[PDB]
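*Asks:* Whatever this is, show me its structure:
(8 chains, ligands or ions: 6)
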Amino acid sequence: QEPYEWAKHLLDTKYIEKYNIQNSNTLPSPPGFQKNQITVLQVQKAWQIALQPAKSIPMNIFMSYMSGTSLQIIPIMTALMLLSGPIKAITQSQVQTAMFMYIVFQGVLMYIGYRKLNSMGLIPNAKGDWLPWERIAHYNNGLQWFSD
Amino acid sequence: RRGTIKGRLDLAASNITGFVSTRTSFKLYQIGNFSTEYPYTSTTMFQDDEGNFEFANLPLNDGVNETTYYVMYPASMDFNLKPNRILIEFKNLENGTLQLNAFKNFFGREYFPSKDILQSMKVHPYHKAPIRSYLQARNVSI
Amino acid sequence: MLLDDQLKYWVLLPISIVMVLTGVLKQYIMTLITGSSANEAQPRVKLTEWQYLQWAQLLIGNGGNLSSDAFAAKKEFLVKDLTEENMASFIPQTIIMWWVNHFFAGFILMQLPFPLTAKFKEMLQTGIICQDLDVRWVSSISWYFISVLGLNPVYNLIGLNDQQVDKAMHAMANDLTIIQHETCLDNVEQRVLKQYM
Amino acid sequence: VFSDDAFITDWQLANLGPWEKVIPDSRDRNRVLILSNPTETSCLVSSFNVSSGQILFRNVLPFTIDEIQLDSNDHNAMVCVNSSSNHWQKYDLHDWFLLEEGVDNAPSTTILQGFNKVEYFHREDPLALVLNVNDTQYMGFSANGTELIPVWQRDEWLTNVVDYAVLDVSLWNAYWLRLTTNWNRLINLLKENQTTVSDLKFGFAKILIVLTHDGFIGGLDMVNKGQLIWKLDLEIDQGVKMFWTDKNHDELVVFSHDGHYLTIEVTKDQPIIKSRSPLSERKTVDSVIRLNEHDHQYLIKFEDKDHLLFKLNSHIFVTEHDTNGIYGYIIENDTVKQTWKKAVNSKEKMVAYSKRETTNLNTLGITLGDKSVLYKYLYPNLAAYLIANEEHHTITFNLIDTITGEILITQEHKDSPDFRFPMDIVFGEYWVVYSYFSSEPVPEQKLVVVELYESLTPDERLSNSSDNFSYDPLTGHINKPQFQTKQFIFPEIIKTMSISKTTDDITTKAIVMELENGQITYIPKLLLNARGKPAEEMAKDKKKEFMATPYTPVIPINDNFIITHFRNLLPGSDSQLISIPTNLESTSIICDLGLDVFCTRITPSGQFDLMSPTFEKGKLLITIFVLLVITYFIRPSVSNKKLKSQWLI
Amino acid sequence: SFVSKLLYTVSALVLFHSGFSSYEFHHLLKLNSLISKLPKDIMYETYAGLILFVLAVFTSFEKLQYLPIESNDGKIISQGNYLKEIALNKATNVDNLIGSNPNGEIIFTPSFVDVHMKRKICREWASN
Amino acid sequence: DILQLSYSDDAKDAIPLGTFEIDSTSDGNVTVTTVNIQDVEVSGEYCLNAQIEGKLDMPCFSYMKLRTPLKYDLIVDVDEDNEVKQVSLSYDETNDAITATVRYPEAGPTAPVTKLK
Amino acid sequence: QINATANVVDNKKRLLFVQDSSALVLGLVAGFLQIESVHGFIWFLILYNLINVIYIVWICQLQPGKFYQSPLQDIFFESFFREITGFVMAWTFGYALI
Amino acid sequence: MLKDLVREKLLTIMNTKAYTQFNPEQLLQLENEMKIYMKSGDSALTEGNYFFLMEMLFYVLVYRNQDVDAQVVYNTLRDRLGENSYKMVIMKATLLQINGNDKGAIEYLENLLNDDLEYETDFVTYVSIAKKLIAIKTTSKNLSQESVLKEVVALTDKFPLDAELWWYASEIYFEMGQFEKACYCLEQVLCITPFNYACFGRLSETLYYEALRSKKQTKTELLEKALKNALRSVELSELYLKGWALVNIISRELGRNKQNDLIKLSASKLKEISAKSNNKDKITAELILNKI
Ligand SMILES: *[C@@H]1O[C@H](CO)[C@@H](O)[C@H](O)[C@H]1NC(C)=O
Ligand SMILES: *[C@@H]1O[C@H](CO)[C@@H](O)[C@H](O)[C@H]1NC(C)=O
Ligand SMILES: *[C@@H]1O[C@H](CO)[C@@H](O)[C@H](O)[C@H]1NC(C)=O
Ligand SMILES: *[C@@H]1O[C@H](CO)[C@@H](O)[C@H](O)[C@H]1NC(C)=O
Ligand SMILES: *[C@@H]1O[C@H](CO)[C@@H](O)[C@H](O)[C@H]1NC(C)=O
Ligand SMILES: *[C@@H]1O[C@H](CO)[C@@H](O)[C@H](O)[C@H]1NC(C)=O
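*Replies:* Residues are numbered from 1 along each chain as shown, chains lettered A, B, ... in the order given. Ligands and ions are numbered 1, 2, ... in the order given. Please see the structure below:
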């Protein structure tokens, strides 16, 4: 084959001198021919602290309207999301406090989900969960009993 | 001396004439401060096709203004019955007579009110009449 | 415990078939209902004003491709032209949950291969009030709960993709004026020398 | 759950005794009146179709055969005169309407081929001849065609059932054998293509090996209608007990009241008596107790209160109840030495007794709403019994240790009870239910539940389940029970009670109660809650378990739980109510041997192991096909809308 | 590929036969309990079906081959990869090897095509 | 009266373990007092008797594997008229001897039926 | 590094196909073998991560960094709960069907 | 699996619109391969890809003077979709344009744009119908490049962020000596599509042409910008032949030589492109390397 047309016109430096210019009188031109740090700090403070309100009393009343029963998988799955999402999601001297506050209140939302799962009874704390793996008192151990 | 309790379970009055008489029994159990060793217990069946049962020769407490009570259990393996139990008062009056009264009661309620208070039980005439012989319906359709 | 095999063959596969068919139906209904796209059907002048807003936004996002002598001119022209000129998915889940608890309630369907705690006996066994049944022997709503979590591989494998104006323009011009130009053409030579050598 | 199972899942062998006297009905002439089953205090009077072979009704009358006679002025009415107290009753013969009765004056009353036949019965000149063929067999012939065809047949060998028994009826070469066998099976399936089976699987198919009072052995098929598979006359007097020899259920040992044991090999078709040897001291056998099935010895108790350790082909404690007291015995090496006696005084009488049934352990305790365990008192070797005191008129529930024999729990009921009514104890895994009759709250029937726990405070297990500890209950060093009691009323008088036995004892134990009118109901143990708070206090406080039933101390008679639906079932006075564990955990066979063997299958927790007969398969396939049709019809609409999104937008 | 569909069907047959054999064994064990666990030929057949299914999944990946857009001969361009490279330096190597331009709907001007000029050039090429 | 508790072997005679005193309603209940205990070495399986010489004889009420530190509790089950119905021997870890306790039988439950209001 | 997002989405789609088929058939085999709880979950962890290692060796050709940005987060994570729920579903299906 | 290779080849010619720049021999081979493929299996080819390939087949048949077969293809696409999408409007405009009727196509597109002003659909429809109207006004009226530039500038005044319009404007500006306006339009395309390495290469080429046309002290000042844009074109594409050729040529023209660490890298990358890339890239890279 023959090579590209952009490169036949690129090697010869005399072609660009041969390349003339058209007259431009009525030729149309194309169309068109610190506070940033403080606002960045406020945007990052809303990124780390204004996400906290969702984790606040709105979410507390949202988990208080589920009544603490195991009979649906939507409260259990949303409590698992409240457990795992904060777990998955966990001028320089001003944003470190909000960066610590964000993960602290994500841990607070994780504790809210833990409180929901514990008020459901879905956490193996008491002896009713470890009752099937609890052994038997062997009473006889060398005698037999038969009755009339 | 000895009282007699009449009665009538009207089965021909509801077109249930085809039935076995031995599937319906009537038990009588004495309560209310008797004077024998054991309280009097009897069990009778029907006497006619009309349904008129009868208890007879019941021992009574002999004395003026003295009562002797009997719980009557009309039971049937065929039909439900509307008075589950019937209290029977057999008061020996000074009138020279022997007043027989009967009071309706359902299963699971006491027969005499507490001495502190009172709600009375619905009085039954006299034969008596266990009404509502609708069938017992053992079988559950599925 | 001797269970009925016909309980398996008539509860496990029908609940799974009905759940994959209602997942298919929910995907098809949510494609047919959501007719909107990334664009909308607007008149031409609203599209032109949104195109100038998005031109200022694209200049903000892609000023790194230009030099300073061109980004400054485009920023000046853009400033001069800007200043002057949720329950739809839980209703099928409720319908399928009611249909499982209506058609298949009253019998233990199967045994789990993993034991849970006794509190799951209050959710995985419904029509059985027996207290000595440990939480392995489960009803059909347990298979609903297990299939709800685990049908996303089956949804993927069958090919389903598994379940006013002037204020905004002046705000975009104010976000454009305060930007710091950080072009990607300054030290592109040392970056090419680091990448390919 | 019941209407498609009535007269199908259950059956009744409606038996009379040997027909002592047969009286023709003058009002019908197609009916007949049979006196039968002559006991020393009662007699079964029945009306019976001589043309159909079915009993029209039965009545156990308190008068004997000699006392029951026929009225002289009315031959369609029988007068029954108890002459020891001059109590007479006149009964109609057609519908058994009780006519006149009294104590004073009784009315003037009168007095009443086949293969080796022995007697005639009901010689009626138009039709309906009855041949008493064998000693306990009655055939019935009619003459529709003047040829005397056999119309009905009846075998009254089963009268007074004593005992029973239930017969249940290198690697590459293996891989290539499996592959070739499955290949040949698939070939035969694709070449062939181009209840009575599930009852064997579910354990419903069983054989009752009923032993009667006359010395007969039967073979009543459970999944049939009680069809006698085989029968055997042992030619003994008053057979007493019957046990299997080995674990494979191939041979029985039937003991008799004369001191003879018989080993009977039971085949699939018909059994043969294999041994008829006597005992060592054969005077009169009272009851036999089987000890330690793997080492086949027995504890034959005699009528003279003697004992005999018997054997055919460390400590062993045996408790034995009587009408006056409960006694203990130890078997040291081969001797039977008595160990304790909880005897009663002259005014008391042991009226009920039940050993603790060896149930399979599933849960060690009861999980409450706080997930706090109330541990069951699962100590074995318990026995519960009732002592009726006529001096104080009390019911004394006692719970004994049966190894040392100490009374763990005592309970007095001064409810003015009646001892002329039936009283029964049944013992569950950790609980006792006893029924008696009294009149102090109300004059109806009382049912008391005693649930035994290790402690009444939750999460307080008092038993030592450690590996380095072994309990020795002969020392007495066992934990003591703490009980919770409730009393329930019940409208019908309960004659006897039993516990429903299932396979692994998973489902809820139903206290199956046979009532005095012949009906059999059952109350689940969930409905008899001993830690029951009433429905006011049940909803407020949360310490109850999941769906814990409240304390309902009334117990209305649920007609869905009457398992003798519309049947004229008549068990006698012995009338043992037995339960048989099958496979398929949810169900249990309830039989009621003793005058009429009735057998049914109950599901106390519902039939959760088996698919319902009215399972909506049609609506299931309709919903599946509707979803398939809706997807197949809405798929081109989506395939067109995505194309319109690709092109128009 | 062909080996992928072959191992897919072979693993499906082996897993179905081994599941049917394990069903027969575990439903004969339930009738014999009214100890003696799975015979190792069924276990090794389930493992053979699992290994053949894993090989059918991994041999479904064919190495990425492309035809060149301009030239039409017996040459096929392959970088020897099973997946597509994410780095834009190496992602556009596919577009540069075959002769395409990913922003060709902008670069080639497909809206401003003089249709009569294309028809004239094609007609003069067919006439010659 | 006086309850003599005495263990015994199979065929041989009784060996006394103690004597206790039943007193009928001095001021309260009929609860026992211990007159005499017996410091006799006893070990093995024995039949215990609880003979009262005036009112009630019990040939053997319990069969226990007795040890020499007899940490038992003589439960005297009594009646409404304060007569000795039964005698039993419970185990008690914190007992150090055989102390006798009178047990009155528990009042059985009564059902709350509907009343007449 | 400037990524081409179509190649990222396509590589994640192929990896999701591998992980979905592997999780479902591992659940079917764990149900055919009648594996109980801890042995079943350890079985799934071992064989699922072995399939991911075979994906890195055979498909990614010992360099998953040119095919997945953050390959440890993309291959071994980001579908772990999804594949373990698919394994539990196919595990219960096969365990109940056998 | 040759059918999948032909499918992906036809989808890349469809999506990148390479048939616009094809030879009549290449259009003949494309029509033959397209009619062989589209009269075959159709298993992995989706429905939308099938109708996009049929639109591409329509344009190949239109370019190859096969207007009857193109009318058949447009009739099939109208029987599926109808004359409601923008693409079917452009196809109807081409069918009006090739059957005489150039003023009829102008009237149709102008009256549709008078319908497509108020209560319109999305911006792609208006900008595509208006770009086709500019193309038909260029062909029929025989417009000069100033008037075509006036129409494209009017279509960028209203409706910006259509990089096709700015690219066509830069093409006409580069056909003239107006290199600064061309560079402004190319920088606008870089604002729209940021990873357009072909646009970085075209901007480097326009700055190199302006630097050689200047021939002054500003020549090196423009060659600096040309080298930086050519280096950005190869930081977005390793095997970009135009970018590495421009890096080599602008580095030789800037003053640095004798393997001054970038001419060496550009020569190595052009040798790699001549080694592994296609025959057009190989011949072009041997043309770039073997000069002087
Ligand atoms: C108790 O007896 C008296 C007479 O002595 C009687 O009046 C009273 O009615 C009796 N009690 C009851 C509840 O009947
Ligand atoms: C009649 O009855 C009342 C109360 O029931 C009693 O006080 C009175 O003495 C009675 N009369 C006679 C004459 O006994
Ligand atoms: C008895 O009382 C009734 C009504 O209470 C009355 O009619 C009757 O006359 C009384 N008897 C006598 C003998 O007066
Ligand atoms: C006759 O009556 C007495 C008491 O009424 C009873 O004890 C006896 O048993 C009766 N006789 C018969 C034969 O039943
Ligand atoms: C059975 O008895 C009923 C009523 O007594 C009668 O109608 C029926 O005909 C009898 N059966 C036969 C076969 O005669
Ligand atoms: C009577 O009994 C004998 C057994 O000795 C049996 O063979 C015969 O068949 C019986 N008679 C009838 C009619 O069944």
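
*Asks:* quick one: residue H:291 is in a helix?
*Replies:* No: under DSSP: H, G, I helix; E, B strand; the rest coil, residue H:291 sits outside any helix and is assigned coil.

*Asks:* wait, what's in contact with the closest residue to residue H:24 other than its chain neighbours?
*Replies:* Excluding the flanking residues, the one nearest residue H:24 by CB to CB, 6 or more residues apart in numbering or on different chains is residue E:125, at 3.8 Å. (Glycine included, C-beta is placed from N, CA and C.) For residue E:125, the contact set (CB atoms under 8 Å, 6 or more residues apart in numbering or on different chains) comprises H:23, H:24, H:25.

*Asks:* Serialize the residues you listed to TSV and add fields for secondary structure and neighbour count.
*Replies:* Listed next are the contacts of residue E:125 as TSV, based on DSSP: H, G, I helix; E, B strand; the rest coil; neighbours: other CB atoms under 10 Å in any protein chain shown:
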residue	secondary structure	neighbour count
H:23	coil	13
H:24	helix	19
H:25	helix	12
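
*Asks:* Nearest to chain A among these?
*Replies:* residue H:23 (10.6 Å; CB to the nearest CB).

*Asks:* out of everything not next to it in sequence, what's closest to that closest one?
*Replies:* residue E:125 (7.8 Å).

*Asks:* Checking the one you found next. Helix, strand or coil?
*Replies:* Assigned by three-state DSSP, the conformation of residue E:125 is helix.

*Asks:* Distance check, it against chain C.
*Replies:* 40 Å (CB to the nearest CB, to the nearest Å).

*Asks:* Surely residue F:86 is in a strand?
*Replies:* Yes: according to three-state DSSP, residue F:86 belongs to a strand.

*Asks:* just the strands in chain E please.
*Replies:* Applying DSSP state E to chain E gives strands spanning E:65-66, E:77-78.

*Asks:* Which parts of the chain are strands?
*Replies:* No chain specified, so I'll use chain A. Using DSSP E, strands in chain A cover A:143-147.

*Asks:* The intended chain is chain C.
*Replies:* C:110-111, C:137-138.

*Asks:* Which one of those strands lies nearest to chain E?
*Replies:* strand C:110-111 (11.5 Å).

*Asks:* Could you check how far the residue nearest to residue H:23 is from chain G?
*Replies:* Distance from residue E:125 to chain G, by CB to the nearest CB: 36 Å.

*Asks:* I'd like to know how far residue B:117 sits from chain A.
*Replies:* 42 Å.

*Asks:* So what's the residue count around that residue?
*Replies:* As a burial measure, residue B:117 scores 9 neighbours (other CB atoms under 10 Å in any protein chain shown).

*Asks:* So it, which state does it fall into?
*Replies:* Applying three-state DSSP: residue B:117 is coil.

*Asks:* For the stretch 501-649 of chain D, which residue gets nearest to ligand 1?
*Replies:* Ligand 1 sits closest to residue D:553 of the stretch 501-649 of chain D, with a gap of 21.1 Å, by CB to the nearest ligand atom.

*Asks:* So what's the residue count around that residue?
*Replies:* If we define neighbours as other CB under 10 Å, then residue D:553 has 21 of them.

*Asks:* Check residue D:533 too.
*Replies:* So residue D:533, with other CB under 10 Å, has 16 neighbours.

*Asks:* a helix runs through it, doesn't it?
*Replies:* No: judged by three-state DSSP, residue D:533 forms no part of a helix; its state is coil.

*Asks:* which residue is nearest the middle of chain G?
*Replies:* Centroid check for chain G by CA atoms, centre = their mean gives residue G:19 as the closest residue, at 3.1 Å.

*Asks:* for chain B, that is, sorry about that
*Replies:* Closest-to-mean residue, chain B, CA atoms, centre = their mean: residue B:72 / 3.0 Å.

*Asks:* what's the biggest helix by length in chain E packed up against?
*Replies:* As assigned by DSSP state H, the longest helix anywhere in chain E is helix E:2-29. Contacts defined by 3 or more CB pairs under 8 Å, 6 or more residues apart in numbering or on different chains; DSSP states H and E place helix E:2-29 against helix D:171-192, helix E:40-58, helix G:5-32, helix G:80-97.

*Asks:* what residue is smack in the middle of chain C?
*Replies:* Centre-most residue of chain C, counting by CA atoms, centre = their mean: residue C:163, 7.6 Å.

*Asks:* one step back: please identify the deepest-packed of the strands of chain E.
*Replies:* Highest mean neighbour count among the strands of chain E (mean count of other CB atoms under 10 Å in any protein chain shown): strand E:65-66, with a mean of 18.

*Asks:* List the pairing partners of that strand within its sheet, with orientation.
*Replies:* Strands adjacent to strand E:65-66 in the sheet, as given by DSSP bridges, are strand E:77-78 (antiparallel).

*Asks:* Can you name the residues in contact with the strand it pairs with?
*Replies:* With CB under 8 Å, 6+ apart as the criterion, strand E:77-78 contacts E:63, E:64, E:65, E:66, E:67, E:68, E:97, E:98, H:278.

*Asks:* Restricted to helices, list these.
*Replies:* Among these, DSSP H puts E:97, E:98 in helices.

*Asks:* Any of the contacts of strand E:77-78 buried? List them.
*Replies:* Among the contacts of strand E:77-78, those classed as buried by 16 or more other CB atoms under 10 Å in any protein chain shown are E:64, E:65, E:66, E:67, E:68, E:97, E:98, H:278.

*Asks:* is stretch A:60-69 anywhere near chain D?
*Replies:* No: shown here: stretch A:60-69 not in contact with chain D (CB under 8 Å from any CB of the partner chain), separated by at least 10.2 Å.

*Asks:* ugh, wrong one, I meant stretch F:87-96
*Replies:* Yes: using CB under 8 Å from any CB, stretch F:87-96 reaches chain D at F:88, F:89, F:90, F:91, F:93.

*Asks:* so who does the first one touch?
*Replies:* If I follow you right, that is residue F:88. Taking CB under 8 Å, 6+ apart, one finds D:405, D:406, D:407, F:61, F:62, F:74, F:75, F:77 in contact with residue F:88.

*Asks:* From residue F:90, how far off is the third one?
*Replies:* Taking CB to CB, to the nearest Å as the measure, residue D:407 and residue F:90 are separated by 9 Å.

*Asks:* How about whichever residue of chain F sits closest to ligand 3: what's its closest non-neighbour residue?
*Replies:* In chain F, the residue that lies nearest ligand 3 is residue F:116 (24.8 Å; CB to the nearest ligand atom). Leaving aside its sequence neighbours, residue F:116 sits nearest to residue B:113 (CB to CB, 6+ apart; 3.8 Å).

*Asks:* No further queries at this time; thank you.
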